[PDB]
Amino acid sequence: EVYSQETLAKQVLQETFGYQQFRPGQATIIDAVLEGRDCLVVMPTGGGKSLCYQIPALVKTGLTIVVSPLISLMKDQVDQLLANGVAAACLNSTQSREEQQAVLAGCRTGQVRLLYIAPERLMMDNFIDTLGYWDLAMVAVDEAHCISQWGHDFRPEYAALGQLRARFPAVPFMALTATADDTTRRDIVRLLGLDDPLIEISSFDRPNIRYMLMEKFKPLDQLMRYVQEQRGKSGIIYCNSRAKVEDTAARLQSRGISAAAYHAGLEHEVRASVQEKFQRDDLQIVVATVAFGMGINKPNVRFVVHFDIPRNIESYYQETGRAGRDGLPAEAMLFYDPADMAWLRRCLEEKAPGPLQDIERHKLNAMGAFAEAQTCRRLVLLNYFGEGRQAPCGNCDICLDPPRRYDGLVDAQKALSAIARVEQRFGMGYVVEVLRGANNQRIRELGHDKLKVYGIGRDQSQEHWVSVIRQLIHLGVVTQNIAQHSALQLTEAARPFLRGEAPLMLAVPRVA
């Protein structure tokens, strides 16, 4: 029968949307849902995510409920559908009671064909009761990765949508998202109760995006230099904390660079104005927390900067994926400091042990492995998402500037010697002063001139040496014990490196 349903779908594709043909995989997804099967759609490339549920919604007789994470997303999606003559509506707190009653009346009557709604509203026990007295044709959960990303802590009603799926077993369910690795895919199936879903995964390759990493040495200065080299094209700078995004914004506005902070601490209409100025290109740069995310419709973001490393590869992929949507060259730049990773691990140890923390820890660890990789950045991303590839890309920082290594036994002995010289007590900021024998008070107030480690490594610049110590921490030769003021202690692997018995190769740092 399959041919009959697709022709009805093809007609909707042409009549209400004006498009000519289905693109590869669109037909197979729409076919599946039109014959009653559940579906999980992971579409990082393709741009036809919304059509995958909106077209079967218009072919099926009955109501389609679209679960949506953001009020602004609901409104934008409803607006586009009404512009196409489709009877779409949404429900949210910003409406009046009279407005909501009219939406619900249209739902009972069937005037409304697609209803956009947040999980917190839909999962109310009495609301689900009134659903039974409608003609429900399909449920589609947009940005379904929220089920897993938020359903366990931030917004628990995202994990309750399975209760809805169990209440209406004969109504097909769709989960659709742009970013999801294997763990997230199975979690969506599990928490949503999809019954043997068709799983369709498109490619994660964005050839026009250039993945770049720079080691954080003087962060603000490097961030200043990178932006001033962008010569006024649009971009986003992500940081962790609201305080940081507010500070950095003011520093760039101190130069005359068009830049504005964005975070959830700002009143909402401020958020709408910054998002709108940015999108109409009257604002060059947005400094932002993760709050600046879903629903940003801007085709010409030319750079996305991560001033702080994200928590997992999915977040990094989704965030860098906002760049170069027009297909023209764009750049992703990550300012990496291993200290930011250890800060992220603390935040994780701060939470309850168990399987959820085990996964968050592995996701974090994989992100740190992406940052530390001495191989094509694109090969790490693609394979992490299960898309097998071995050919390096030629458009990452590893491919364009291959790593170069030098014998570090000399420099690492000079460093490993000077860190034992303090008896495990100084931090990295202290220890690197003695290796370049700069003149200051505690190198005499404690008496740290009468060591031959003082003034031994002025030969090379400051970035070179703290890079060495970071490399030794990564190899397990030095620890950073933050339980005693970030002092560098020495481990048991340190021994053969001071003796010169073990060979050692170190990479030069990432610098522009």
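All residue numbers refer to positions in the sequence shown, first residue = 1.
Participant: Could you check the entry and say whether 76-84 or 217-225 has the higher mean CA B-factor?
Facilitator: Per the PDB entry, the higher value belongs to 217-225.
Participant: Could you check the entry and say whether 264-272 or 207-215 has the higher mean CA B-factor?
Facilitator: The deposited B-factors put 264-272 ahead on the C-alpha mean.
Participant: Tell me, please, which of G62, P69, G476, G46 has the highest C-alpha B factor according to the deposited entry?
Facilitator: If I rank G62, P69, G476, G46 by C-alpha B-factor, first place goes to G46.
Participant: Which one of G193, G256, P156, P310 shows the biggest C-alpha B-factor in the PDB entry?
Facilitator: Spelled out: the listed residue with the top C-alpha B-factor is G256.
Participant: Compared with the other modelled residues in the chain, in which third is the CA B-factor of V41?
Facilitator: For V41, whose C-alpha B-factor we compare with every modelled residue in the chain, the answer is the lowest third.
Participant: Within this chain's modelled residues, let me know which third the CA B factor of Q163 belongs to: lowest, middle or highest.
Facilitator: CA B-factor rank for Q163: middle third.
Participant: Compared with the other modelled residues in the chain, in which third is the CA B-factor of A352?
Facilitator: According to the entry, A352 has a C-alpha B-factor in the chain's highest third.
Participant: Using the B-factors in the PDB entry, rank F335's C-alpha atom against the chain and give the third, lowest, middle or highest.
Facilitator: It falls in the middle third of the chain.
Participant: Going by the entry, which third of its chain does the Cα temperature factor of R442 land in?
Facilitator: For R442, the deposited C-alpha B-factor lands in the highest third.
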